[PDB]
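This report refers to the structure that appears directly beneath it.
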Amino acid sequence: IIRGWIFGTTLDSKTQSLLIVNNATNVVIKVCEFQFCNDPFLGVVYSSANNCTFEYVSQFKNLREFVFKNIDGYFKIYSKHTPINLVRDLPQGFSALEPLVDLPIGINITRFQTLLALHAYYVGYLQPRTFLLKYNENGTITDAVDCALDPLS
Amino acid sequence: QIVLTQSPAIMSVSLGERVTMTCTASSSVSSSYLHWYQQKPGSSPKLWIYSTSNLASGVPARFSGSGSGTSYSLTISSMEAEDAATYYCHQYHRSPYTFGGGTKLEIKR
Amino acid sequence: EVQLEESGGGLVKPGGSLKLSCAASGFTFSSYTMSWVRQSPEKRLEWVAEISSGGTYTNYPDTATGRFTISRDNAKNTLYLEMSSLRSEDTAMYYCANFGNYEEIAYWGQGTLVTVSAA
Amino acid sequence: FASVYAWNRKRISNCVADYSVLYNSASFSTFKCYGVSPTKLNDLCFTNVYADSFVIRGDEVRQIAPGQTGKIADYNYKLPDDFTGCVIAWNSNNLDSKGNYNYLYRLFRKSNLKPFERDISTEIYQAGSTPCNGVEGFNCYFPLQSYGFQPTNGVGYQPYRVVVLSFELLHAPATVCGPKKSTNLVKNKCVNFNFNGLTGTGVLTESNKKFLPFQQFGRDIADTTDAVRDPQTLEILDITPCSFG
Ligand SMILES: *[C@@H]1O[C@H](CO)[C@@H](O[C@@H]2O[C@H](CO)[C@@H](O)[C@H](O)[C@H]2NC(C)=O)[C@H](O)[C@H]1NC(C)=O
Ligand SMILES: *[C@@H]1O[C@H](CO)[C@@H](O[C@@H]2O[C@H](CO)[C@@H](O)[C@H](O)[C@H]2NC(C)=O)[C@H](O)[C@H]1NC(C)=O
Ligand SMILES: *[C@@H]1O[C@H](CO)[C@@H](O[C@@H]2O[C@H](CO)[C@@H](O)[C@H](O)[C@H]2NC(C)=O)[C@H](O)[C@H]1NC(C)=O
Ligand SMILES: *[C@@H]1O[C@H](CO)[C@@H](O)[C@H](O)[C@H]1NC(C)=O
Ligand SMILES: *[C@@H]1O[C@H](CO)[C@@H](O)[C@H](O)[C@H]1NC(C)=O
């Protein structure tokens, strides 16, 4: 039911607004400006198409994890699909996230908002911390530990 | 084709003054395709004003004029002794090329 | 240059054919389109017929559709022009000049009296 | 192609197109630019490539240059002196001939135009102070004019097609670069290598280590790159320092 996320810095067609939408057959990404849309809809949102400067087209229950990062105009999305379910309603366990795509968009990004199919998701944050990682023999991350949490750490 | 008609047939105008001459056509020919020659008696014509604004070599910057559309105007500054010549309008837009009706410029004593 | 010297003319018969050869030299003839104009005694100038040296193309007004022929030769640089079955009304004086080519149109021919006779 | 008074504008991004094939051809009569030589066109990388296309009369091809005047250079198109691009103009005598008169251009305008301005309008410009509207009259002039591109015209009157390319010097993250050269590979030799930016020296050998489908090169310790996969084959290799003693 979760479909996509609409980003921006003013939520108006005046300034660049990135947009990602799942089509159930091909994900679509574009940077063309769109006017404000408080209540997105869908059925098988669009109000302005000024300055279309990019386009891209590509491809226990499921708990998909994403991490969105932005450095000097580069947009990185790290994704993971199948986690380990120790208990329901609480995502315990360890997982590793792989890099999906790099976007040289340069959009400036201050805020965003998600999209649902009208007819449960957790949000986190990041800080510049220091970590220690133990690499497996094959190349995967198997364990990590903090460096500013506990005296033992 | 479009025939070129000159409103005045002949100018028996005295020396010193400043008048104008007109080339008239049934329709607009071009902004800059037309031109004017000068057929001296018993000689060959020579072009001075081309592109309807520009001037060829040898013009003392005395002969001028402006216009567009179905009618064009060519102006002078002050008549002198060498102005007793002939003038011919031209057009090159359409495939049949025609000439102006001609004006027998002359001075009066 | 020598200013587009033309073949000499003369009196002819109403039913013959005179040839005008505007041979010349002094500038390139592979890209300069020639033209033929005529003037009857004290009458408006009238463009007779032009030829295109770029592809040696012939086109000319419809006042005389099928009685004008032009041949170009860049080898010896000659411009051959004739009319079929000339009448006594065709007496005039002819120029070969430069039309269609570079913007600075100039170099009108020296002229040649192409007149008819009945005596 | 569009007329000059409404010049066709297009944007090209996210591609790698060789520029050598352009000036290596013979159809392009005029290939003029100063901001960059043809040799280093493919060497450099650019951003925001814009193409402007139109059809004009031959005799005024000179008027398309940085800092020039004229009817076309003032009322139909503007070229700033600080221009970073190139101009390609070539004859289209056999493609636009009969003559044909479907072309138009701006003749009268209030003043000059800002750089890269698109001058579109339709008004009865008046050569006096009396206000005339609706129909043309005395000292009321039609802003446009046509072209007599007769097939049997000479030089300067045949229609010419003009394309102007502009760009910026990577003011944003790189979008369009030039083609990158490639060569073969050798084994069991002391060679210096430049694998897509990663440069070094050593001897190349075949490897049995397994990479994940998304890394590019591995290492062991102390910033000592040891294993690299070739982008062409996606085959993992081994680096070994050349012998000395
Ligand atoms: C995000 O927006 C801020 C403004 O709120 C940008 O800061 C300036 O932006 C202007 C034009 O956008 C630039 O010319 C300045 O150089 C910027 N100042 C600084 C100190 O960078 C900021 O650059 C924007 N970020 C991005 C990635 O576009
Ligand atoms: C590291 O990867 C190798 C290659 O995939 C693994 O070796 C095989 O792994 C499969 C399961 O993916 C087993 O069915 C085979 O029996 C393994 N063969 C051998 C010879 O080991 C290896 O197990 C991986 N090591 C890890 C994940 O720690
Ligand atoms: C670069 O791509 C081309 C296009 O596929 C490769 O050419 C062939 O690719 C098929 C893919 O199944 C192989 O079966 C053929 O053996 C390839 N032919 C050749 C002559 O290589 C090409 O191999 C790719 N480059 C490399 C280094 O593998
Ligand atoms: C989804 O796919 C269909 C079929 O290709 C297409 O018509 C439609 O535009 C797509 N949706 C979006 C939002 O692009
Ligand atoms: C591009 O953005 C500018 C900003 O004002 C706007 O004026 C223009 O119409 C836009 N062009 C397109 C094609 O969206």
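Sequential numbering from 1, following the chain as shown.
Quick reminder: no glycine exception, Cβ is built from N, Cα and C everywhere.
Long-range neighbours of D:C86 (disulfide bond) (same chain, six or more residues apart, CB within less than 8 Å of its CB): D:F31, D:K32, D:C33, D:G35, D:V36, D:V164, D:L165. Following the DSSP three-state reduction, the secondary structure of D:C86 (disulfide bond) is strand. Among the features that Swiss-Prot reports, disulfide bond is placed at D:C33-D:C86 (among others), with the record citing experimental evidence.
Around D:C45 (disulfide bond), the same-chain residues six or more apart in sequence whose CB sits under 8 Å from its CB are D:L170, D:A174, D:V176, D:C177, D:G178, listed in sequence order. The disulfide bond feature in Swiss-Prot is assigned to D:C45-D:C177 (among others).
Residue counts for the region 'Immunodominant HLA epitope recognized by the CD8+' (D:100-108) under DSSP (helix as H, G, I; strand as E, B; rest coil) come to 0 helix, 3 strand, 6 coil. Look at Swiss-Prot and you will find D:100-108 tagged as region 'Immunodominant HLA epitope recognized by the CD8+', backed by experimental evidence.
Summarising the annotation, Swiss-Prot assigns region 'Disordered' to D:107-142 (among others).
For D:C132-D:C140 (among others), the entry in Swiss-Prot reads disulfide bond, with the evidence type experimental evidence. Taking the Cβ of D:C140 (disulfide bond) as reference, residues of its chain lying under 8 Å away and at least six apart in sequence are, in sequence order, D:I124, D:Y125, D:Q126, D:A127, D:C132.
According to Swiss-Prot, the region 'Disordered' annotation covers D:171-193 (among others). Sequence-distant contacts of the region 'Disordered' (D:171-193) (same chain, at least 6 residues past either end, Cβ-Cβ under 8 Å): 12-19, 41-49, 199-206, 230, 232, 242.
Contacts of D:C242 (disulfide bond) defined by a Cβ separation under 8 A and a same-chain sequence distance of 6+ are given as D:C190, D:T201, D:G202, D:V203, in order along the sequence. Among the features that Swiss-Prot reports, disulfide bond is placed at D:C190-D:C242 (among others).
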For each of the disulfide-bonded residues (D:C33, D:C132), count the other CB atoms lying within 10 A of its CB, then report the residue with the highest count. D:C33
In the structure shown, which of the disulfide-bonded residues D:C177, D:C190 has the fewest Cβ neighbours within 10 Å? D:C190
According to DSSP, how is the region 'Disordered' (D:171-193) divided among helix, strand and coil residues? 0 helix, 5 strand, 18 coil
